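J.: turn this into a structure:
(chains A, B, C, D, E, F, G, H and I, ligands or ions: 175)
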Amino acid sequence: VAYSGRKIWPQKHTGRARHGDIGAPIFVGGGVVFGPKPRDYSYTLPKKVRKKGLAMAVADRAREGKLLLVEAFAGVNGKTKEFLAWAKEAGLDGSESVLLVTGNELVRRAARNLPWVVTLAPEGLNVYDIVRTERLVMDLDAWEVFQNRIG
Amino acid sequence: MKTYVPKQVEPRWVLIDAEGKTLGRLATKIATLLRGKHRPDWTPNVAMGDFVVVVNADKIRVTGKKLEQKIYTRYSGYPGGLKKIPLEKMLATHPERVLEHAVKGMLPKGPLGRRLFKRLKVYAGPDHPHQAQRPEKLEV
Amino acid sequence: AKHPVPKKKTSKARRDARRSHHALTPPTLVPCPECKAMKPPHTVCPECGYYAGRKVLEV
Amino acid sequence: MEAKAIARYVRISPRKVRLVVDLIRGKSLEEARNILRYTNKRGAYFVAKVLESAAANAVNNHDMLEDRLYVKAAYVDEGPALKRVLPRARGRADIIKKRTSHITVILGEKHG
Amino acid sequence: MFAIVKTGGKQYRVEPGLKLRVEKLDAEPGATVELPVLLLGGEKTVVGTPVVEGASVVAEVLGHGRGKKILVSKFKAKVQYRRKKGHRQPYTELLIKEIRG
Amino acid sequence: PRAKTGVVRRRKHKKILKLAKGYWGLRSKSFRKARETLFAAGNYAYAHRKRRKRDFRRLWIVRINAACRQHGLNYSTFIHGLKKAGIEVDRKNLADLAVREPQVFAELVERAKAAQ
RNA sequence: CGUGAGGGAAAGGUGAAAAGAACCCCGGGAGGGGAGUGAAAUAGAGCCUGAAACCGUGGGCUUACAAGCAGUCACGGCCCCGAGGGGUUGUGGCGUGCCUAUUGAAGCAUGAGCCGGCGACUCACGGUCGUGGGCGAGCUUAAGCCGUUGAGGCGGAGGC
RNA sequence: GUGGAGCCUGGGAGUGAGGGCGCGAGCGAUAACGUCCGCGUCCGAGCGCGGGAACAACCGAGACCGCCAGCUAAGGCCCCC
RNA sequence: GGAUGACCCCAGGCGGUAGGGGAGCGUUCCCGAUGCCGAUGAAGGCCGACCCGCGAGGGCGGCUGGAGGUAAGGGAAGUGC
Ligand SMILES: [Mg+2]
Ligand SMILES: [Mg+2]
Ligand SMILES: [Mg+2]
Ligand SMILES: [Mg+2]
Ligand SMILES: [Mg+2]
Ligand SMILES: [Mg+2]
Ligand SMILES: [Mg+2]
Ligand SMILES: [Mg+2]
Ligand SMILES: [Mg+2]
Ligand SMILES: [Mg+2]
Ligand SMILES: [Mg+2]
Ligand SMILES: [Mg+2]
Ligand SMILES: [Mg+2]
Ligand SMILES: [Mg+2]
Ligand SMILES: [Mg+2]
Ligand SMILES: [Mg+2]
Ligand SMILES: [Mg+2]
Ligand SMILES: [Mg+2]
Ligand SMILES: [Mg+2]
Ligand SMILES: [Mg+2]
Ligand SMILES: [Mg+2]
Ligand SMILES: [Mg+2]
Ligand SMILES: [Mg+2]
Ligand SMILES: [Mg+2]
Ligand SMILES: [Mg+2]
Ligand SMILES: [Mg+2]
Ligand SMILES: [Mg+2]
Ligand SMILES: [Mg+2]
Ligand SMILES: [Mg+2]
Ligand SMILES: [Mg+2]
Ligand SMILES: [Mg+2]
Ligand SMILES: [Mg+2]
Ligand SMILES: [Mg+2]
Ligand SMILES: [Mg+2]
Ligand SMILES: [Mg+2]
Ligand SMILES: [Mg+2]
Ligand SMILES: [Mg+2]
Ligand SMILES: [Mg+2]
Ligand SMILES: [Mg+2]
Ligand SMILES: [Mg+2]
Ligand SMILES: [Mg+2]
Ligand SMILES: [Mg+2]
Ligand SMILES: [Mg+2]
Ligand SMILES: [Mg+2]
Ligand SMILES: [Mg+2]
Ligand SMILES: [Mg+2]
Ligand SMILES: [Mg+2]
Ligand SMILES: [Mg+2]
Ligand SMILES: [Mg+2]
Ligand SMILES: [Mg+2]
Ligand SMILES: [Mg+2]
Ligand SMILES: [Mg+2]
Ligand SMILES: [Mg+2]
Ligand SMILES: [Mg+2]
Ligand SMILES: [Mg+2]
Ligand SMILES: [Mg+2]
Ligand SMILES: [Mg+2]
Ligand SMILES: [Mg+2]
Ligand SMILES: [Mg+2]
Ligand SMILES: [Mg+2]
Ligand SMILES: [Mg+2]
Ligand SMILES: [Mg+2]
Ligand SMILES: [Mg+2]
Ligand SMILES: [Mg+2]
Ligand SMILES: [Mg+2]
Ligand SMILES: [Mg+2]
Ligand SMILES: [Mg+2]
Ligand SMILES: [Mg+2]
Ligand SMILES: [Mg+2]
Ligand SMILES: [Mg+2]
Ligand SMILES: [Mg+2]
Ligand SMILES: [Mg+2]
Ligand SMILES: [Mg+2]
Ligand SMILES: [Mg+2]
Ligand SMILES: [Mg+2]
Ligand SMILES: [Mg+2]
Ligand SMILES: [Mg+2]
Ligand SMILES: [Mg+2]
Ligand SMILES: [Mg+2]
Ligand SMILES: [Mg+2]
Ligand SMILES: [Mg+2]
Ligand SMILES: [Mg+2]
Ligand SMILES: [Mg+2]
Ligand SMILES: [Mg+2]
Ligand SMILES: [Mg+2]
Ligand SMILES: [Mg+2]
Ligand SMILES: [Mg+2]
Ligand SMILES: [Mg+2]
Ligand SMILES: [Mg+2]
Ligand SMILES: [Mg+2]
Ligand SMILES: [Mg+2]
Ligand SMILES: [Mg+2]
Ligand SMILES: [Mg+2]
Ligand SMILES: [Mg+2]
Ligand SMILES: [Mg+2]
Ligand SMILES: [Mg+2]
Ligand SMILES: [Mg+2]
Ligand SMILES: [Mg+2]
Ligand SMILES: [Mg+2]
Ligand SMILES: [Mg+2]
Ligand SMILES: [Mg+2]
Ligand SMILES: [Mg+2]
Ligand SMILES: [Mg+2]
Ligand SMILES: [Mg+2]
Ligand SMILES: [Mg+2]
Ligand SMILES: [Mg+2]
Ligand SMILES: [Mg+2]
Ligand SMILES: [Mg+2]
Ligand SMILES: [Mg+2]
Ligand SMILES: [Mg+2]
Ligand SMILES: [Mg+2]
Ligand SMILES: [Mg+2]
Ligand SMILES: [Mg+2]
Ligand SMILES: [Mg+2]
Ligand SMILES: [Mg+2]
Ligand SMILES: [Mg+2]
Ligand SMILES: [Mg+2]
Ligand SMILES: [Mg+2]
Ligand SMILES: [Mg+2]
Ligand SMILES: [Mg+2]
Ligand SMILES: [Mg+2]
Ligand SMILES: [Mg+2]
Ligand SMILES: [Mg+2]
Ligand SMILES: [Mg+2]
Ligand SMILES: [Mg+2]
Ligand SMILES: [Mg+2]
Ligand SMILES: [Mg+2]
Ligand SMILES: [Mg+2]
Ligand SMILES: [Mg+2]
Ligand SMILES: [Mg+2]
Ligand SMILES: [Mg+2]
Ligand SMILES: [Mg+2]
Ligand SMILES: [Mg+2]
Ligand SMILES: [Mg+2]
Ligand SMILES: [Mg+2]
Ligand SMILES: [Mg+2]
Ligand SMILES: [Mg+2]
Ligand SMILES: [Mg+2]
Ligand SMILES: [Mg+2]
Ligand SMILES: [Mg+2]
Ligand SMILES: [Mg+2]
Ligand SMILES: [Mg+2]
Ligand SMILES: [Mg+2]
Ligand SMILES: [Mg+2]
Ligand SMILES: [Mg+2]
Ligand SMILES: [Mg+2]
Ligand SMILES: [Mg+2]
Ligand SMILES: [Mg+2]
Ligand SMILES: [Mg+2]
Ligand SMILES: [Mg+2]
Ligand SMILES: [Mg+2]
Ligand SMILES: [Mg+2]
Ligand SMILES: [Mg+2]
Ligand SMILES: [Mg+2]
Ligand SMILES: [Mg+2]
Ligand SMILES: [Mg+2]
Ligand SMILES: [Mg+2]
Ligand SMILES: [Mg+2]
Ligand SMILES: [Mg+2]
Ligand SMILES: [Mg+2]
Ligand SMILES: [Mg+2]
Ligand SMILES: [Mg+2]
Ligand SMILES: [Mg+2]
Ligand SMILES: [Mg+2]
Ligand SMILES: [Mg+2]
Ligand SMILES: [Mg+2]
Ligand SMILES: [Mg+2]
Ligand SMILES: [Mg+2]
Ligand SMILES: [Mg+2]
Ligand SMILES: [Mg+2]
Ligand SMILES: [Mg+2]
Ligand SMILES: [Mg+2]
Ligand SMILES: [Mg+2]
Ligand SMILES: [Mg+2]
Ligand SMILES: [Zn+2]
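T.: Residues are numbered from 1 along each chain as shown, chains lettered A, B, ... in the order given. Ligands and ions are numbered 1, 2, ... in the order given. Next comes the structure:
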């Protein structure tokens, strides 16, 4: 704290409480006791745990009938309205939130600005994103790499 | 069901002839009569006892040698101001007070106990001035 | 001396009970027989300058 | 109908003035004026003026009749205090509060 | 006529038309119950020894409730012992139907 | 994140002060003095519920006594007699009788004199 | 503030917009009362909200024969709201502040004028028990590298 | 003898200023609201409740809450009560 | 008893300082949330003799206030004077 270390007044005989300096947390304007300092909240969750979590996350959406794999994306070539077309053809009105996993950039860029769509490259597949969304939509290309990461 | 509480009732006047009675033994009974504890609707927080006229206080009686040995005592608040008055002398100078002081000490202390002492009227000699209330002559 | 000092803060009730004698009494006034104005008795009327039924002082 | 005046921030002490205000509560306008005139106190000046402003309002803004007017309410409030140093013996400084008043007079009409 | 009846460990003087709260009775609201009798009074006088044999008072149960909350508080000095408990005693509300003497 | 006192403390003092409404001087005005007063009031309360059960019984007893000595016996003899008779009317109810229904009470007196 | 080295504060908020109140009235002024502006002026500049201590006016109840840790329990009177509640308190019963420190405090032992806000068991890395899970004669990566731009993976050196 | 009994392995303590009373001793003066031990008890922590005028440790008794119900304990029952 | 916190019946325990253990209340912040409550009135402030909870509290309603607030379930602390 910015203040100095001087004893503001003598120890005895003033008729006031004894104090040292005004950096003491007991003073308004003094330093704070056990406040936060910078911290690293990260830790190494076991790899196998992450893997099972990734398996189960997808498996859950499968049991729900919510997992859908697609072969390709028709005429969607970067324009959002194109995705919306394709969406409809596959049952995606947007009454349900979707996690779209594909390596095709132009599909991701199209679908991205939507409120109800989250977009991922397959190496980015992760369980928080899986649980967040009501429906899982994966390119075959993606499903293959998801396969590699879990076995 | 909550306990009965009387409405303010008319107090009976009562007459007692103190002649020849024992000082303290008369006293307890006057106190009881003053509280009103002889009344089934007794209530401790209101003045509802009887009024008591007493005559012949000067001819009250006491046992043992207390005539010369009962000392009544009074402190004035000044240094050396504790006067001592033997029973004999109190009879001879303010006889009615012997009975009064005895009764006073047997009533509860506090504002209510002090008003019940007022309801007691003590006379030396055969007579009193309370004809107007036509007091009922009790035995005790 | 040993610097006497109050032992307890005085209650609102007791400070105000000390003040139970502090009320001002209204000034005592009588009409002036000439100009009817209210004035202290036994003083020269400061409105019209009369006292004792004659003009005494220039108001 | 009522008419009022308030003198806010008068540099006199609330407790002192109230003494004077106590004299006029419930008097006719004529009586209070008389009383104030011969009250040997500083605050009688200030109360006089708050009164006269109120009577002005009553007559001139509120269709009341000067000759029906009476002090229906009057009260003194305490405003912000002025803090000043009063230097004492042996290096010590005391702090004097120079106190302040918000003076109010409220006039009504006495019917009949 | 009145009757002295005994319910919930306590006794009460009751009469036709009387509303009474007593310790909660195990009885559906609207139902009817017979209270034991210790003494009948008024015109005739019969003294129970302790109860009277033929007698009973009928009561229609109006319903059950919880009383106004009492704050039961505890405190011990120089020990930091303090407790605050809230209490509402259950009751049953009865109307006295008849004194079957 | 920092959690200042904010709103919480005021609301705790108010709770107390309301409970203290009606107390003299600072005892309804200062939070601290209220709390002292309320500890007393709480132990006084609890104790006085207990004590109230006693207090009334003692009044019931004094009352039964007066109406007993109207028929030539004392409370102590009375209670003995009812006891032998098997009359279990409580002192609360006896008292109502002694004032409200003096005939019925006299009867109870009768039975108690009989029972010994 | 200190000779000096040096110490070292307090102090944010009208309104959407100044539309910041022409003009008249009392006043020396301050201040106010009207008029006016504004959705709002106890938003009027001593300006969002406006708690508490604290001071005041008005109203109900109450108090000048009364003995008190100030309450509580009972009853009665008066006042308010409409077989009930609320306020007040005459009488009666009971009744030794809080905290701290102590063998023991109402204690004539400590601390506290009162109110508001600040104010004291934390975090990192190791360790040891317990616990929720992953794998199991196995378990696990560190720095780093790649990818993301709040996406995760690789990395077996090493540790148990 | 099934008890907030007992034993074993581990985690967390606090305490390591006691005090009155009864009995058995030493010290002192067959002194101290004295001191130091032994067995016990209560207070400590039961300064909650009844009795002892008032009073931690004497007598009665181990307070979960509510009731305008009943029986008792010590102690009491002429009035205060 | 039903079958595993569904509730019911019966029985016992429930004074407490140091201290051990258990279960909760609330404050700031994050996920829930491109959501939802909000000018037909956010937060906060002042009331209530009303409701729910053993309690810490949580509702509801009237007045003030004038633009924010944030659920079920979880996460993290500058968390209660
Ligand atoms: Mg520094
Ligand atoms: Mg500096
Ligand atoms: Mg420095
Ligand atoms: Mg330094
Ligand atoms: Mg130094
Ligand atoms: Mg220094
Ligand atoms: Mg010193
Ligand atoms: Mg000092
Ligand atoms: Mg000081
Ligand atoms: Mg100091
Ligand atoms: Mg110092
Ligand atoms: Mg310091
Ligand atoms: Mg220092
Ligand atoms: Mg410092
Ligand atoms: Mg420092
Ligand atoms: Mg700082
Ligand atoms: Mg600063
Ligand atoms: Mg700073
Ligand atoms: Mg701090
Ligand atoms: Mg620190
Ligand atoms: Mg520090
Ligand atoms: Mg830290
Ligand atoms: Mg860092
Ligand atoms: Mg950690
Ligand atoms: Mg790390
Ligand atoms: Mg979403
Ligand atoms: Mg999106
Ligand atoms: Mg007699
Ligand atoms: Mg009594
Ligand atoms: Mg004489
Ligand atoms: Mg006496
Ligand atoms: Mg007494
Ligand atoms: Mg001297
Ligand atoms: Mg001197
Ligand atoms: Mg000298
Ligand atoms: Mg001096
Ligand atoms: Mg002093
Ligand atoms: Mg004061
Ligand atoms: Mg006052
Ligand atoms: Mg005084
Ligand atoms: Mg004249
Ligand atoms: Mg004068
Ligand atoms: Mg004029
Ligand atoms: Mg001062
Ligand atoms: Mg000053
Ligand atoms: Mg029963
Ligand atoms: Mg019940
Ligand atoms: Mg204690
Ligand atoms: Mg204490
Ligand atoms: Mg105490
Ligand atoms: Mg304590
Ligand atoms: Mg202690
Ligand atoms: Mg305590
Ligand atoms: Mg409490
Ligand atoms: Mg704060
Ligand atoms: Mg704080
Ligand atoms: Mg607060
Ligand atoms: Mg608090
Ligand atoms: Mg608040
Ligand atoms: Mg609160
Ligand atoms: Mg009061
Ligand atoms: Mg007060
Ligand atoms: Mg006061
Ligand atoms: Mg106040
Ligand atoms: Mg109780
Ligand atoms: Mg008691
Ligand atoms: Mg009992
Ligand atoms: Mg007899
Ligand atoms: Mg018996
Ligand atoms: Mg019996
Ligand atoms: Mg210097
Ligand atoms: Mg200088
Ligand atoms: Mg310096
Ligand atoms: Mg400073
Ligand atoms: Mg600053
Ligand atoms: Mg603004
Ligand atoms: Mg602005
Ligand atoms: Mg002008
Ligand atoms: Mg002018
Ligand atoms: Mg002007
Ligand atoms: Mg004006
Ligand atoms: Mg103006
Ligand atoms: Mg307008
Ligand atoms: Mg509007
Ligand atoms: Mg306002
Ligand atoms: Mg405003
Ligand atoms: Mg201001
Ligand atoms: Mg604003
Ligand atoms: Mg303001
Ligand atoms: Mg203000
Ligand atoms: Mg205020
Ligand atoms: Mg007043
Ligand atoms: Mg007298
Ligand atoms: Mg009087
Ligand atoms: Mg006394
Ligand atoms: Mg009574
Ligand atoms: Mg009452
Ligand atoms: Mg009432
Ligand atoms: Mg009392
Ligand atoms: Mg006691
Ligand atoms: Mg005391
Ligand atoms: Mg004591
Ligand atoms: Mg305290
Ligand atoms: Mg403390
Ligand atoms: Mg302390
Ligand atoms: Mg000490
Ligand atoms: Mg010491
Ligand atoms: Mg000592
Ligand atoms: Mg004292
Ligand atoms: Mg003292
Ligand atoms: Mg000292
Ligand atoms: Mg002290
Ligand atoms: Mg010391
Ligand atoms: Mg000071
Ligand atoms: Mg104060
Ligand atoms: Mg404070
Ligand atoms: Mg720790
Ligand atoms: Mg572990
Ligand atoms: Mg694993
Ligand atoms: Mg190692
Ligand atoms: Mg045990
Ligand atoms: Mg054990
Ligand atoms: Mg066992
Ligand atoms: Mg631990
Ligand atoms: Mg240790
Ligand atoms: Mg220790
Ligand atoms: Mg020692
Ligand atoms: Mg030792
Ligand atoms: Mg020892
Ligand atoms: Mg021991
Ligand atoms: Mg002793
Ligand atoms: Mg012996
Ligand atoms: Mg011995
Ligand atoms: Mg020995
Ligand atoms: Mg000798
Ligand atoms: Mg010793
Ligand atoms: Mg000895
Ligand atoms: Mg010895
Ligand atoms: Mg011992
Ligand atoms: Mg200790
Ligand atoms: Mg004991
Ligand atoms: Mg023990
Ligand atoms: Mg006693
Ligand atoms: Mg005792
Ligand atoms: Mg005792
Ligand atoms: Mg004891
Ligand atoms: Mg027990
Ligand atoms: Mg009941
Ligand atoms: Mg018995
Ligand atoms: Mg015995
Ligand atoms: Mg005795
Ligand atoms: Mg007796
Ligand atoms: Mg049980
Ligand atoms: Mg248990
Ligand atoms: Mg316990
Ligand atoms: Mg447990
Ligand atoms: Mg909180
Ligand atoms: Mg919580
Ligand atoms: Mg913040
Ligand atoms: Mg943040
Ligand atoms: Mg959001
Ligand atoms: Mg939002
Ligand atoms: Mg809406
Ligand atoms: Mg609007
Ligand atoms: Mg509104
Ligand atoms: Mg909030
Ligand atoms: Mg907030
Ligand atoms: Mg609330
Ligand atoms: Mg609000
Ligand atoms: Mg905004
Ligand atoms: Mg939230
Ligand atoms: Mg939540
Ligand atoms: Mg979560
Ligand atoms: Mg802190
Ligand atoms: Zn003249």
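J.: could you use CA atoms for every contact and neighbour count after this?
T.: Noted.
J.: what about residue A:17, distance to ligand 10?
T.: From residue A:17 across to ligand 10, the span is 4 Å (CA to the ion, to the nearest Å).
J.: name the helix or strand for that residue, please.
T.: Following DSSP states H and E, there is no helix or strand that holds residue A:17.
J.: C-alpha coordinates for stretch B:103-111, PDB please?
T.: The C-alpha coordinates for stretch B:103-111 follow below in PDB (Å, rounded to 0.1, in the frame of the first residue of the first chain):
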ATOM      1  CA  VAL B 103     -51.700  -3.700  61.300                       C
ATOM      2  CA  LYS B 104     -49.500  -1.600  59.000                       C
ATOM      3  CA  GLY B 105     -46.700  -4.000  59.200                       C
ATOM      4  CA  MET B 106     -48.900  -6.900  58.200                       C
ATOM      5  CA  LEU B 107     -50.200  -5.400  55.000                       C
ATOM      6  CA  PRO B 108     -48.200  -5.800  51.700                       C
ATOM      7  CA  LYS B 109     -45.800  -3.000  50.900                       C
ATOM      8  CA  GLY B 110     -46.300  -0.900  47.700                       C
ATOM      9  CA  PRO B 111     -49.000   1.500  46.500                       C
END
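J.: next one: the residue in chain D positioned nearest to ligand 10 from ligand 12, what distance?
T.: Closest residue of chain D to ligand 10, CA to the ion: residue D:92 (17.0 Å). Separation of residue D:92 from ligand 12 (CA to the ion): 24 Å.
J.: neighbours of that residue, how many?
T.: Neighbourhood size, residue D:92 [other CA atoms under 10 Å in any protein chain shown]: 8.
J.: where exactly do the helices run in chain B?
T.: B:23-35, B:66-69, B:87-93, B:96-104, B:111-118 (DSSP state H).
J.: I'd like those helices as TSV, with mean neighbour count and distance to residue A:63 appended.
T.: Below are the helices of chain B laid out as TSV (neighbours: other CA atoms under 10 Å in any protein chain shown; distance: least, CA to CA, whole Å):
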stretch	mean neighbour count	distance to residue A:63
helix B:23-35	20	90
helix B:66-69	13	110
helix B:87-93	15	111
helix B:96-104	19	97
helix B:111-118	15	88
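J.: can you check which of these gets nearest to ligand 60?
T.: Counting by CA to the ion, ligand 60 lies closest to helix B:111-118 out of the helices of chain B; the figure is 43.0 Å.
J.: now check the closest one, is it near RNA strand H?
T.: No: using CA under 7 Å from any atom of the strand, helix B:111-118 stays clear of RNA strand H, with a minimum separation of 8.3 Å.
J.: got the angle for that helix vs helix B:23-35?
T.: Between the axes of helix B:111-118 and helix B:23-35, defined by axes from the mean of the first three to the mean of the last three CA atoms, to 10 degrees, the angle is 120 degrees.
J.: now for helix B:111-118, which elements pack on it?
T.: helix B:23-35 (3 or more CA pairs under 8 Å, 6 or more residues apart in numbering or on different chains; DSSP states H and E).
J.: columns distance to ligand 1 on top of the helices of chain B, output as CSV?
T.: Below are the helices of chain B laid out as CSV (distance: least, CA to the ion, whole Å):
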stretch, distance to ligand 1
helix B:23-35, 81
helix B:66-69, 88
helix B:87-93, 89
helix B:96-104, 80
helix B:111-118, 70
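J.: want to throw the ones you listed into CSV with distance to residue D:76?
T.: Output for those, formatted as CSV (distance: least, CA to CA, whole Å):
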stretch, distance to residue D:76
helix B:23-35, 54
helix B:66-69, 70
helix B:87-93, 64
helix B:96-104, 54
helix B:111-118, 42
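J.: next up, identify which helix or strand the closest residue to ligand 31 within chain C is on.
T.: Using CA to the ion, the single residue of chain C nearest to ligand 31 is residue C:14, 33.1 Å away. Residue C:14 belongs to helix C:12-18 when assigned by DSSP H and E.
J.: what are the contacting residues of the helix or strand following that helix?
T.: Next along the chain after helix C:12-18, taking DSSP H and E as the criterion, comes strand C:30-31. Here strand C:30-31 makes contact (CA atoms under 8 Å, 6 or more residues apart in numbering or on different chains) with C:37-41.
J.: how far away from the center of its chain is whichever helix or strand comes after strand C:30-31?
T.: Scanning forward in sequence from strand C:30-31 by DSSP H and E, the next helix or strand is strand C:38-39. The chain centre lies 14 Å from the centre of strand C:38-39; the measure is CA atoms, centre = their mean, to the nearest Å.
J.: residue farthest from the centroid of chain B?
T.: If you look at how far each residue of chain B sits from its centre, by CA atoms, centre = their mean, the farthest one is residue B:1, at 36.9 Å.
J.: bridged to residue B:22, which residues?
T.: Note on residue B:22: beta-bridge partners residue B:61, judged by DSSP bridges.
J.: these two touch, right, it and residue B:59?
T.: No: with contact defined as CA atoms under 8 Å, residue B:22 does not count as touching residue B:59 (9.9 Å).
J.: between the two, who's got more neighbours?
T.: The neighbour comparison of residue B:22 against residue B:59 (other CA under 10 Å) goes to residue B:59, with 20 against 14.
J.: now do the contacts for the more buried one.
T.: B:18-20, B:124.
J.: all strands for chain F, in order.
T.: Using DSSP state E, chain F contains no strands.
J.: of all the residues in chain C, which one is nearest ligand 81?
T.: residue C:26 (25.8 Å).
J.: do chain F as well
T.: residue F:29 (36.2 Å).
J.: got the residues of chain D near RNA strand H?
T.: Among all residues of chain D, none is adjacent to RNA strand H (criterion: CA under 7 Å from any atom of the strand).
J.: check contacts around the residue most central in space within chain C.
T.: Against the mean C-alpha coordinate of chain C, by CA atoms, centre = their mean, the closest residue is residue C:27 at 4.8 Å. Residues in contact with residue C:27 (CA under 8 Å, 6+ apart) are C:40, D:35, D:38-39.
J.: may I ask which of those has the most neighbours?
T.: When neighbours are counted by other CA under 10 Å, residue D:35 leads those with 21 neighbours.
J.: quick check: it vs residue A:9, distance?
T.: 57 Å (CA to CA, to the nearest Å).
J.: cool, thanks, signing off.
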